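The block underneath contains the structure these notes are about, expressed in structure tokens.
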Amino acid sequence: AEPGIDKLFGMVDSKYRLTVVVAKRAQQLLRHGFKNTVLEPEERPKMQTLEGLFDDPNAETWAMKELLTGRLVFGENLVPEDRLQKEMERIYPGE
Amino acid sequence: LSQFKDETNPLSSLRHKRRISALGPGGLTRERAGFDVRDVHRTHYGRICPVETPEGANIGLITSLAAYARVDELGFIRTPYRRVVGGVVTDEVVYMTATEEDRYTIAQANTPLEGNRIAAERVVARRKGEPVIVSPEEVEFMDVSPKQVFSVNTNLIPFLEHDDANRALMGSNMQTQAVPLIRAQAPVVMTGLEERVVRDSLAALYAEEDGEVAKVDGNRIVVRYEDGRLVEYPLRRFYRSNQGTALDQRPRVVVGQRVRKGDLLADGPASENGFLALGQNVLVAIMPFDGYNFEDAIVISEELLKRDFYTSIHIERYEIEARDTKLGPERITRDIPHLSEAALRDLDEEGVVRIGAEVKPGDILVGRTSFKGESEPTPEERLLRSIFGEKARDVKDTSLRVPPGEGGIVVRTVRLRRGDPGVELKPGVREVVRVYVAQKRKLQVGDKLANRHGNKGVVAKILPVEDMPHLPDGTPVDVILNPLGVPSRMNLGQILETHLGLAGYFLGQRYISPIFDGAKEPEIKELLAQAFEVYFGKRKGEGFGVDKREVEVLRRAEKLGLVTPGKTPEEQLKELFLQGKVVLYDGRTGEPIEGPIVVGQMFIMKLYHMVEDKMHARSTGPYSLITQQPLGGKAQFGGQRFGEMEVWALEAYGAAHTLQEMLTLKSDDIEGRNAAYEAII
Amino acid sequence: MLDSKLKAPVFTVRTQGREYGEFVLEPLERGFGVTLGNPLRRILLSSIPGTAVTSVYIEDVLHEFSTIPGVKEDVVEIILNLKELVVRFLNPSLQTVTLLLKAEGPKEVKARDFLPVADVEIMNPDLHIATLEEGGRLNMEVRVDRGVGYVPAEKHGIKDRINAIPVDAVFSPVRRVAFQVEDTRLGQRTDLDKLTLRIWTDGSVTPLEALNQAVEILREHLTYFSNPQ
Amino acid sequence: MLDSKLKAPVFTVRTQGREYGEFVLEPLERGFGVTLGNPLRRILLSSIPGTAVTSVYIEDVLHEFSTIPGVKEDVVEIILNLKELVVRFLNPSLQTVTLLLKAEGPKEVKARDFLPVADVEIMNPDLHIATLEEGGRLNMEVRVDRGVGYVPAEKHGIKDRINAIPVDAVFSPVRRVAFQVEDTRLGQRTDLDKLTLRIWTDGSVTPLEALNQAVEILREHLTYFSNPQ
Amino acid sequence: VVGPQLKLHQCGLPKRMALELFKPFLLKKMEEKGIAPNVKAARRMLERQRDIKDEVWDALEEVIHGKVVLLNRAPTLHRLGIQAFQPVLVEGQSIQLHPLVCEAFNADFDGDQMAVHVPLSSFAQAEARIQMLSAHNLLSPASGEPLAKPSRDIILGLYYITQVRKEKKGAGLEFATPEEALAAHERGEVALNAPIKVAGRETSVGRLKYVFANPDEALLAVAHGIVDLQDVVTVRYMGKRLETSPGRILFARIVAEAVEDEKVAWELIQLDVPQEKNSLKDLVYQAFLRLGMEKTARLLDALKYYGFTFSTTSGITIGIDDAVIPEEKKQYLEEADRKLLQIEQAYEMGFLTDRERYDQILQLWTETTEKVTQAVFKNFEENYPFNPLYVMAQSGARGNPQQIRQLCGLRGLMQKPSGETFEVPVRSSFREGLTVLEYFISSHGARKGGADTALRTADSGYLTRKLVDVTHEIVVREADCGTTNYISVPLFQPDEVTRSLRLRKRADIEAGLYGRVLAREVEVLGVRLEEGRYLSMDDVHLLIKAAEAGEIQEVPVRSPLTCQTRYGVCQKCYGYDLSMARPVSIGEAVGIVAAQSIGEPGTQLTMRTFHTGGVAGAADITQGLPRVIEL
Amino acid sequence: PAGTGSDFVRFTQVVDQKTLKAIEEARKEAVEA
Ligand SMILES: [Mg+2]
Ligand SMILES: [Mg+2]
Ligand SMILES: [Mg+2]
Ligand SMILES: [Mg+2]
Ligand SMILES: [Mg+2]
Ligand SMILES: [Mg+2]
Ligand SMILES: [Mg+2]
Ligand SMILES: [Mg+2]
Ligand SMILES: [Mg+2]
Ligand SMILES: [Mg+2]
Ligand SMILES: [Mg+2]
Ligand SMILES: [Mg+2]
Ligand SMILES: [Mg+2]
Ligand SMILES: [Mg+2]
Ligand SMILES: [Mg+2]
Ligand SMILES: [Mg+2]
Ligand SMILES: [Mg+2]
Ligand SMILES: [Mg+2]
Ligand SMILES: [Mg+2]
Ligand SMILES: [Mg+2]
Ligand SMILES: [Mg+2]
Ligand SMILES: [Mg+2]
Ligand SMILES: [Mg+2]
Ligand SMILES: [Mg+2]
Ligand SMILES: [Mg+2]
Ligand SMILES: [Mg+2]
Ligand SMILES: [Mg+2]
Ligand SMILES: [Mg+2]
Ligand SMILES: [Mg+2]
Ligand SMILES: [Mg+2]
Ligand SMILES: [Mg+2]
Ligand SMILES: [Mg+2]
Ligand SMILES: [Mg+2]
Ligand SMILES: [Mg+2]
Ligand SMILES: [Mg+2]
Ligand SMILES: [Mg+2]
Ligand SMILES: [Mg+2]
Ligand SMILES: [Mg+2]
Ligand SMILES: [Mg+2]
Ligand SMILES: [Mg+2]
Ligand SMILES: [Mg+2]
Ligand SMILES: [Mg+2]
Ligand SMILES: [Mg+2]
Ligand SMILES: [Mg+2]
Ligand SMILES: [Mg+2]
Ligand SMILES: [Mg+2]
Ligand SMILES: [Mg+2]
Ligand SMILES: [Mg+2]
Ligand SMILES: [Mg+2]
Ligand SMILES: [Mg+2]
Ligand SMILES: [Mg+2]
Ligand SMILES: [Mg+2]
Ligand SMILES: [Mg+2]
Ligand SMILES: [Mg+2]
Ligand SMILES: [Mg+2]
Ligand SMILES: [Mg+2]
Ligand SMILES: [Mg+2]
Ligand SMILES: [Mg+2]
Ligand SMILES: [Mg+2]
Ligand SMILES: [Mg+2]
Ligand SMILES: [Mg+2]
Ligand SMILES: [Mg+2]
Ligand SMILES: [Mg+2]
Ligand SMILES: [Mg+2]
Ligand SMILES: [Mg+2]
Ligand SMILES: [Mg+2]
Ligand SMILES: [Mg+2]
Ligand SMILES: [Mg+2]
Ligand SMILES: [Mg+2]
Ligand SMILES: [Mg+2]
Ligand SMILES: [Mg+2]
Ligand SMILES: [Mg+2]
Ligand SMILES: [Mg+2]
Ligand SMILES: [Mg+2]
Ligand SMILES: [Mg+2]
Ligand SMILES: [Mg+2]
Ligand SMILES: [Mg+2]
Ligand SMILES: [Mg+2]
Ligand SMILES: [Mg+2]
Ligand SMILES: [Mg+2]
Ligand SMILES: [Mg+2]
Ligand SMILES: [Mg+2]
Ligand SMILES: [Mg+2]
Ligand SMILES: [Mg+2]
Ligand SMILES: [Mg+2]
Ligand SMILES: [Mg+2]
Ligand SMILES: [Mg+2]
Ligand SMILES: [Mg+2]
Ligand SMILES: [Mg+2]
Ligand SMILES: [Mg+2]
Ligand SMILES: [Mg+2]
Ligand SMILES: [Mg+2]
Ligand SMILES: [Mg+2]
Ligand SMILES: [Mg+2]
Ligand SMILES: [Mg+2]
Ligand SMILES: [Mg+2]
Ligand SMILES: [Mg+2]
Ligand SMILES: [Mg+2]
Ligand SMILES: [Mg+2]
Ligand SMILES: [Mg+2]
Ligand SMILES: [Mg+2]
Ligand SMILES: [Mg+2]
Ligand SMILES: [Mg+2]
Ligand SMILES: [Mg+2]
Ligand SMILES: [Mg+2]
Ligand SMILES: [Mg+2]
Ligand SMILES: [Mg+2]
Ligand SMILES: [Mg+2]
Ligand SMILES: [Mg+2]
Ligand SMILES: [Pb+2]
């Protein structure tokens, strides 16, 4: 199946919520620039015609590969709705 | 009450022709009705096959009459019945009305008969509708034969007796789906109507009266009758059946041959030598593979394709019209406006496609040029044309292209231009253009083949002759059938056919097994007995005895209970062979298949691909005029339907967006699908 | 050499013509005859090279589904018969040879009717191409190639003459393989495998030749086990 | 070299310890991974020579099913434990070596207890033969041989000392063989066999070594097809 | 078409189909690569088949990486009617489906066609491959029972491997005692008398002869030809001297390997029996709870593989000499035959009413039939343990008790058009000829069955419509609903035989307490089932076992019937079953997940007349779907 | 309204510790003069 799906399931209060986090994480993983990632240097994502997945294959395979680690933060009301998008653009380049 | 002639093949046309249905006029029965009409009433005997009805919504409503059944003076189905005055049975016959049959004590064919003498005191008869043990002295009438109880389409099944009536139905409808193979072949075992079927149907060409043959063309056989006359007999070379299958008469008579009145000069679409052939005899091993023949899946030996075995000639017919628009006539010229000559090649004849040209999906089959907008030109498209070359042909490219799916090689074309001969061109129709395309459909994964007993499966894997199950002597098996599809279904008859088939392979002969009166287990075991010498006898003389493998499988077999412990391998394998199974070695490992596996000659047919098999797949395309949902037709595949049942599926899961998109971005949101594509782009 | 090695495999051969050829080889230690015969059988059917009709061009015929006047068989039955034709050319320089033939009048066009080609031979002379009648014109060009395995006429799509029609290519010279492992009592202990495989061949190559090539394909494959990583 | 030959077998190895050793090799044309793996498996189990206990003689014990005083285990469990013993000798001269051992008193007779034999080594020292108690006398002679495959103690029936009891012969250094053929993609053609066989070994020899010897037994067997007769 | 090596996780979808479906995604990708300058270009590039540089396939292949597609079946009966897989692009026309999931969508491969959809948005993709993936929905919304299991061919494989044989018992070898008994029947077995598998209680000579030290030692001997797998040998596994068969030992490993917690692999497996679909099904459910979800998925294909493999070698096939006829059939027939003459002479006089005759005769055959059925099997059970036919039926693989009966023994009481069954049975089996009238007599009941399927293949949403119309809004959105009004589930049932309490059946209770939330505490066998605790099937196994001893008669448990959340249902009240096995996850469409589980089985239920029966004398109740309606 | 449409989860945002510090930096800036 998929990597630590159980581990993931356990990290949320509701099944359907985990899907919302991943999807929203995959959203910004592309939009603000694909290099908005917490895990990258040594052993993060990888696809084989070269090891080229490092740049842009699947967005959420990353989201999941990240959330499975302890750096993200998914809350009900974590960072005020409109100022988040502003700060993100300010800090993440690649357009 | 009238529909397209079902001429998938000869039997189908013959069976369709003699079919009965209550659905009709209005004065006669409709659809709220059926539970007592749909059942097989008692009187249905020699009158209507129990089994031949459809499988589903229509059942009992549409039924085909029995073999010997004839509608005498006013439509009451009468069946044959011979007379038996006293303990004497006669060769005289009364076509009897369904009502008068109640009046008498009738008996079944299966009653020991010395000739005119009935032979056993308490022998069965059946009064009107109830099975009854009557005495030889009351037996007024007897049944002509088992054949009268069923239809022509059903009587063709080998040992029907051993098959669940439920599944023999599938068998009878399977045959109606039989597609003529370039390599025709009559079954290794037949019932007895194969001949009569091709002859009464009008497949093969028969000789009127006796004579000699003059010329034998691929196109004509002008025979010379001895009466001092000679007639040319054209042969419908490659004509288009309503259903696409090919109808060709291949001459079976050589130059200068004295013909016997009534003998095949040419063969019908699917006959071998006057004998019906809807499939091909093929050696088959009946075991499990690496799940390749999982529920009902069949593994096929690549070796079957090397020989043009299951290949069938089909003919699709594409057509296009030069229409008259008020914007301007649609010309049919070799001018396809926007981009290349390579694409033009095969359209050779200024316009139409050149005969004998291989046409792959997308190539131009015929070219057409219609006008661009509805009434007005285009401001943005005006500038572009000007920039690189203002003067351009301001006409649209609406040319008949090959639909996704496949084309073959053009074989014939028709063009009804102005000044028509004696044709009816419709209004607006400036001129029509037909293009016939033919393609060799080889047996490929996804195709469905099935034997006359209802084993209907689909080809899941084409194996390299290199590794499938192989016999002690080099010959490999063509098809590997899963056993698990035999217990549930109840048709041991296929397993009875494979055995008798095994004998016919080493005995080099074909047999005929009637319906309720045919081969018997002891007779079969007898022929196998003769087969053992051809298979193992040559083995003894050719120079070698038994394997480590051969002996190994014997051990596990005696521990099984198939071979009497103690007897010698030679004698042991005979016992084991008579049982219908022989030792097979896994072509991949070379090691045996622990335990004897049966193998033999089973008649398997290939079924016709309906227009549904063309693997539909649609990305973006047309849209209905009023309802704004996805619609196909000619080239762009129609969209699949997402039904409530399917809706609930998604509703059941948390699939919220997935369900939203099915309703909005995929089918109906005008603005949605638009921004949807571009977004994805 | 005298004891375990001279007790080496006595490869005895028995071959008739170019088609059939038995091959015996014993003694062999436990379960080896099988071990050998099987791979060799797997090679004999797939890896060995061959020759078969790859394309055909008939006088006035434009596609495969036509019928020629004065010719009983239809073009499809003839291109079928051509797949049955087994030719044999002697060396590499002969990659693609077009065999030529033309016959008229009441004749049974047989494979011996093709005009002789210098390095090429036809093992299948009496095979039957057609039954021409009076006024029967048939002038064709059938191509022939050297390849391996089965190649659908669809896969190659051969193009010598635009009105030509490709044929399915089947090249394994080997028609069928078979192998038996019968016990042999050589004096000490009795468990002794005795391998003997029977090879059949279209004539293009020979049983013996085929076997040789086969064992080579396996040797060459055992070599591929050299550079670890 | 660049096209069909450089596309040659990439023999990749993974071996941890002398026991387990995976062996991958791809690409391979149609149905070859299987064609190779199978014979190699048939060789790895039977031809790779080996060494294992073939007979045992206990001090005062006469039958196979007896129990020795001061010795918890029974002769059947001991002769069982001996099948677990893996020895290794250096040259032909060593066909049959009887390993000697004798221990008394509260001791755990381990394989290191056997008196050293000059041309033979015991890889299985700490293996556990017995748990002796007071008045625990155990003096035995365990034979050892070099053979191939599995030989029931019934089939050989070894006879050094009349009260002796034969043991089932486990001579293959190979414990178990495992081969898989999974598809792999090389560009244009997707049908590609990819062989990878897993070899397990007692420790006497190594997976890699075993594989080598194996391929050789097959090579040597493919040359036995040389002199007709 | 079945794709045997495919993993649950994936499905083979034709490249040609993938091209059209994922065209836009492909177009763009073409521009990212040198293949096409722009979209319009890329499009024309693909407008015709002969024009595609194989670099395009590599583009498509790369596009698909990671994305998944949805597949749909003819009747979409339950949520699993649609599943998500990873496309593995393949040649040609057919779609390659995994075998395990063929249980979920009711699909056989004689011609069923499956549809396929493409989730577009990154969101749709997320839910589709996270919560809608086939590997993730393993258990069913109807019963906790596994939906995806080694179904037909795999059982068969896995069964044959694990089975022990039994042969000829002549010389009375009951070896557990003499030392001379060991020697003698060791020698005698070597001789031609005692088998390797003899009933001799402790160890038939087959165990006497061979003892295997390490695990592997056991299989090498097999490879060399000493031990068949199904043979009874002795072996020394961890800490035990276990007398268990080659095969059984191998199976133990297969699982032990599929999941490397070897000891946790032995704790949940019974090698004490041939592996049936039930032992297997159970194996999966355990594996699931016990280890982890995905690790269970590995074990599933582990089985799927060996099952397929062992299967082909076992060489089970079907010849005519396989369905064995009992020698007792001729007796039971005649004995019942002559008894039929008594009933006649008893009538010929004037004793039995015209009716009495009939009902008495049917009784005769209903029993005689039933008699040869136990007979035939008793034959296979005693004489041929390994009959290809019978084995398929005992292994959870394929075959019906009533079906085998129609081939070997006899099919015997067909009913007339109306329903009044015939007076005369069908004396034959399919082995020998089911005669003409026997055939025609048989034909009647065939149509009724067919007529019944047609009225029903009609509307499948009928029943499941009503349930989704009155139930869709119902969804789990909660905090523990604090209203504890509760329901008490019974463990004992009253009237079949008038008044005799009885432990409810095994399953029925399972379906009443499985994964429910205790309303109040319960001190049962020794353990204290705290309040609010979700009761696992293993707890639902404790309660029954306690009711067996006699400590509980009801069970306080929360439920949908007593809910306080108006348009919703809470976690504690729903219970356990998400397709998953933990509590229910908030936001689950429970309303429809219920409406479905009930709309599918309904299709198996009879369909004579809705407000059932027909006015005639005294027709008293109503069975099949007609009643579920009435209810 | 049932699946992810659940107002319970319709709203849920995601963070990187990097964007967490960035937003408190925005709040820090709120201190005037
Ligand atoms: Mg995983
Ligand atoms: Mg965690
Ligand atoms: Mg970065
Ligand atoms: Mg990694
Ligand atoms: Mg790297
Ligand atoms: Mg930015
Ligand atoms: Mg009608
Ligand atoms: Mg009216
Ligand atoms: Mg009626
Ligand atoms: Mg049908
Ligand atoms: Mg009379
Ligand atoms: Mg007459
Ligand atoms: Mg009657
Ligand atoms: Mg009388
Ligand atoms: Mg029927
Ligand atoms: Mg029926
Ligand atoms: Mg007839
Ligand atoms: Mg003449
Ligand atoms: Mg015509
Ligand atoms: Mg005739
Ligand atoms: Mg056929
Ligand atoms: Mg033309
Ligand atoms: Mg222009
Ligand atoms: Mg018209
Ligand atoms: Mg006009
Ligand atoms: Mg033979
Ligand atoms: Mg013959
Ligand atoms: Mg037979
Ligand atoms: Mg002989
Ligand atoms: Mg002779
Ligand atoms: Mg088509
Ligand atoms: Mg299209
Ligand atoms: Mg649909
Ligand atoms: Mg000779
Ligand atoms: Mg000779
Ligand atoms: Mg000779
Ligand atoms: Mg060997
Ligand atoms: Mg050839
Ligand atoms: Mg001409
Ligand atoms: Mg022409
Ligand atoms: Mg030369
Ligand atoms: Mg050459
Ligand atoms: Mg000649
Ligand atoms: Mg030459
Ligand atoms: Mg020369
Ligand atoms: Mg010797
Ligand atoms: Mg010797
Ligand atoms: Mg070489
Ligand atoms: Mg290259
Ligand atoms: Mg390289
Ligand atoms: Mg390379
Ligand atoms: Mg390479
Ligand atoms: Mg490693
Ligand atoms: Mg060694
Ligand atoms: Mg003792
Ligand atoms: Mg110590
Ligand atoms: Mg020395
Ligand atoms: Mg002690
Ligand atoms: Mg493999
Ligand atoms: Mg190494
Ligand atoms: Mg596969
Ligand atoms: Mg595999
Ligand atoms: Mg694959
Ligand atoms: Mg297209
Ligand atoms: Mg199921
Ligand atoms: Mg379903
Ligand atoms: Mg179907
Ligand atoms: Mg969306
Ligand atoms: Mg999963
Ligand atoms: Mg559930
Ligand atoms: Mg369910
Ligand atoms: Mg005892
Ligand atoms: Mg005896
Ligand atoms: Mg006994
Ligand atoms: Mg022992
Ligand atoms: Mg014990
Ligand atoms: Mg064992
Ligand atoms: Mg283990
Ligand atoms: Mg337990
Ligand atoms: Mg038990
Ligand atoms: Mg369970
Ligand atoms: Mg659990
Ligand atoms: Mg868990
Ligand atoms: Mg295998
Ligand atoms: Mg009795
Ligand atoms: Mg009276
Ligand atoms: Mg009366
Ligand atoms: Mg059962
Ligand atoms: Mg009867
Ligand atoms: Mg009570
Ligand atoms: Mg009761
Ligand atoms: Mg009672
Ligand atoms: Mg219970
Ligand atoms: Mg309580
Ligand atoms: Mg209490
Ligand atoms: Mg208590
Ligand atoms: Mg209590
Ligand atoms: Mg208490
Ligand atoms: Mg209490
Ligand atoms: Mg208490
Ligand atoms: Mg409390
Ligand atoms: Mg819980
Ligand atoms: Mg528990
Ligand atoms: Mg009680
Ligand atoms: Mg909770
Ligand atoms: Mg009443
Ligand atoms: Mg009643
Ligand atoms: Mg401030
Ligand atoms: Mg301030
Ligand atoms: Pb609640």
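Every chain in the structure tokens has a letter given in the order shown (A, B, ...), and although residue numbers restart at 1 in each chain, ligands are simply numbered from 1 in the order shown.
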
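Taking only C-alpha atoms and all ligand atoms into account, the protein and nucleic acid residues that come at most 10 Å from ligand 86 are residues 347, 348, 349, 350 and 351 of chain E.
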
Cut-off 8 Å: closest chain E/chain F atom pairs per residue, using only C-alpha atoms, as JSON lines:
{"residue": "E:473", "atom": "CA", "partner": "F:2", "partner_atom": "CA", "distance": 7.8}
{"residue": "E:475", "atom": "CA", "partner": "F:2", "partner_atom": "CA", "distance": 5.8}
{"residue": "E:476", "atom": "CA", "partner": "F:2", "partner_atom": "CA", "distance": 7.7}
{"residue": "E:477", "atom": "CA", "partner": "F:8", "partner_atom": "CA", "distance": 7.5}
{"residue": "E:587", "atom": "CA", "partner": "F:3", "partner_atom": "CA", "distance": 5.4}
{"residue": "E:588", "atom": "CA", "partner": "F:3", "partner_atom": "CA", "distance": 6.0}
{"residue": "E:589", "atom": "CA", "partner": "F:2", "partner_atom": "CA", "distance": 5.4}

Distance cut-off 12 Å, counting only C-alpha atoms - which residues of chain D neighbour chain A? Return them as a PyMOL selection string. chain D and resi 185-187

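Within 12 Å of chain A, and counting only C-alpha atoms, chain B contributes residues 653, 654, 655, 656 and 657 of chain B.
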
For those residues, write N, CA, C and O atoms to a file as a CSV table (one decimal), in the first residue's frame.
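What follows is the written file selection.csv:
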chain,number,residue,atom,x,y,z
B,653,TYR,N,-18.4,6.8,0.4
B,653,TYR,CA,-17.1,7.2,0.8
B,653,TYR,C,-17.1,8.7,1.1
B,653,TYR,O,-18.2,9.3,0.8
B,654,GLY,N,-16.1,9.2,1.6
B,654,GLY,CA,-16.0,10.6,1.9
B,654,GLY,C,-15.8,11.4,0.6
B,654,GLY,O,-15.7,12.7,0.7
B,655,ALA,N,-15.7,10.8,-0.5
B,655,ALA,CA,-15.5,11.4,-1.8
B,655,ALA,C,-16.4,12.6,-2.0
B,655,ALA,O,-17.5,12.4,-2.6
B,656,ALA,N,-16.0,13.8,-1.5
B,656,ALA,CA,-16.9,14.9,-1.7
B,656,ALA,C,-16.6,15.6,-3.0
B,656,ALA,O,-17.5,15.9,-3.8
B,657,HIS,N,-15.3,15.9,-3.2
B,657,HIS,CA,-14.9,16.6,-4.4
B,657,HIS,C,-15.1,15.7,-5.6
B,657,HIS,O,-15.5,16.1,-6.6

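Placed on chain D by a least-squares fit of every C-alpha atom, chain C shows an RMSD of 1.8 Å.
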
message = Taking only C-alpha atoms and all ligand atoms and a cut-off of 10 Å, can you tell me which residues surround ligand 49, written as JSON, numbers by chain?
response = {"D": [2, 3, 4, 5, 6, 7, 186, 187]}

Go ahead and save the residues from that selection, with N, CA and C atoms, as a PDB file, in the first residue's frame.
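Full text of selection-v8.pdb as output:
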ATOM      1  N   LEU D   2      28.690  -0.138 -27.184  1.00  0.00           N
ATOM      2  CA  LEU D   2      27.387   0.559 -27.026  1.00  0.00           C
ATOM      3  C   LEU D   2      25.971  -0.092 -27.182  1.00  0.00           C
ATOM      4  N   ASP D   3      25.598  -0.853 -28.215  1.00  0.00           N
ATOM      5  CA  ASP D   3      24.140  -1.153 -28.298  1.00  0.00           C
ATOM      6  C   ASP D   3      23.558  -2.477 -27.772  1.00  0.00           C
ATOM      7  N   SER D   4      23.741  -3.604 -28.459  1.00  0.00           N
ATOM      8  CA  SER D   4      23.116  -4.837 -27.970  1.00  0.00           C
ATOM      9  C   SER D   4      23.965  -5.562 -26.947  1.00  0.00           C
ATOM     10  N   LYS D   5      25.283  -5.457 -27.080  1.00  0.00           N
ATOM     11  CA  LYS D   5      26.185  -6.108 -26.146  1.00  0.00           C
ATOM     12  C   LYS D   5      26.351  -5.279 -24.867  1.00  0.00           C
ATOM     13  N   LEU D   6      26.509  -3.949 -24.923  1.00  0.00           N
ATOM     14  CA  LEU D   6      26.623  -3.168 -23.667  1.00  0.00           C
ATOM     15  C   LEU D   6      25.360  -3.251 -22.894  1.00  0.00           C
ATOM     16  N   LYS D   7      24.277  -3.564 -23.591  1.00  0.00           N
ATOM     17  CA  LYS D   7      22.999  -3.724 -22.931  1.00  0.00           C
ATOM     18  C   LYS D   7      23.047  -5.059 -22.189  1.00  0.00           C
ATOM     19  N   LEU D 186      13.130  -1.848 -20.679  1.00  0.00           N
ATOM     20  CA  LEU D 186      14.207  -1.221 -21.402  1.00  0.00           C
ATOM     21  C   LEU D 186      13.631  -0.531 -22.617  1.00  0.00           C
ATOM     22  N   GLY D 187      13.536   0.786 -22.494  1.00  0.00           N
ATOM     23  CA  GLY D 187      13.023   1.634 -23.548  1.00  0.00           C
ATOM     24  C   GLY D 187      11.738   1.170 -24.220  1.00  0.00           C
TER      25      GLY D 187
END

inquiry  = Please find the residues contacting ligand 62 at a distance of at most 10 Å between atoms, with only C-alpha atoms and all ligand atoms counted, and report them as a ChimeraX atom specification.
reply    = /B:290 /D:180-183 /E:4-7,301,304-306,308-309

Query - Test item: residues lying within 7 Å of ligand 29 with only C-alpha atoms and all ligand atoms, as a list in words - result: residues 539, 540, 541, 543, 544 and 545 of chain B

Q. Can you tell me, as a PyMOL selection string, what residues are no more than 10 Å from residue 76 in chain C when counting only C-alpha atoms, ignoring any on the same chain fewer than 5 positions away?
A. (chain B and resi 182) or (chain C and resi 63-67+81+167)

Per residue of chain E within 10 Å of chain A, record the nearest atom pair and its distance in Å to one decimal, counting only C-alpha atoms, with rows in chain order and ascending residue number, as CSV.
residue,atom,partner,partner_atom,distance
E:7,CA,A:1,CA,9.0
E:8,CA,A:1,CA,7.8
E:9,CA,A:1,CA,5.8
E:10,CA,A:1,CA,9.3
E:58,CA,A:49,CA,9.4
E:62,CA,A:57,CA,8.2
E:63,CA,A:57,CA,7.7
E:64,CA,A:57,CA,9.2
E:65,CA,A:57,CA,7.2
E:66,CA,A:58,CA,6.1
E:67,CA,A:58,CA,7.3
E:121,CA,A:23,CA,9.4
E:122,CA,A:23,CA,6.4
E:123,CA,A:23,CA,5.0
E:124,CA,A:23,CA,8.3
E:125,CA,A:23,CA,8.2
E:126,CA,A:23,CA,5.5
E:127,CA,A:19,CA,5.7
E:128,CA,A:19,CA,9.3
E:129,CA,A:2,CA,8.7
E:130,CA,A:19,CA,6.7
E:131,CA,A:19,CA,7.4
E:133,CA,A:1,CA,8.5
E:134,CA,A:1,CA,8.8
E:135,CA,A:1,CA,5.8
E:136,CA,A:1,CA,7.3
E:292,CA,A:6,CA,7.2
E:293,CA,A:6,CA,6.7
E:294,CA,A:1,CA,5.3
E:295,CA,A:1,CA,8.3
E:296,CA,A:1,CA,9.3
E:297,CA,A:1,CA,6.6
E:298,CA,A:1,CA,8.2
E:578,CA,A:15,CA,9.5
E:580,CA,A:15,CA,10.0
E:584,CA,A:14,CA,8.7
E:585,CA,A:14,CA,5.2
E:586,CA,A:14,CA,5.5
E:587,CA,A:16,CA,6.5
E:588,CA,A:16,CA,7.9

(message) Excluding residue 339 in chain B and its own-chain neighbours fewer than 4 positions away, which residues fall within 10 Å of it when counting only C-alpha atoms? Please give them as a list in words.
(response) residues 343 and 344 of chain B; 44 of chain E

Output N, CA and C atoms for every residue in that selection, as a compact mmCIF listing (two decimals), in the first residue's frame.
# COMPACT_ATOMS: atom_id res chain seq x y z
N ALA B 343 0.40 13.15 -45.15
CA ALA B 343 -0.94 12.73 -44.77
C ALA B 343 -1.82 12.47 -46.00
N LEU B 344 -1.46 13.09 -47.12
CA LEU B 344 -2.22 13.00 -48.37
C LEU B 344 -1.98 11.71 -49.15
N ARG E 44 -1.52 18.16 -32.69
CA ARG E 44 -1.39 17.63 -34.05
C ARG E 44 -0.43 16.45 -34.04
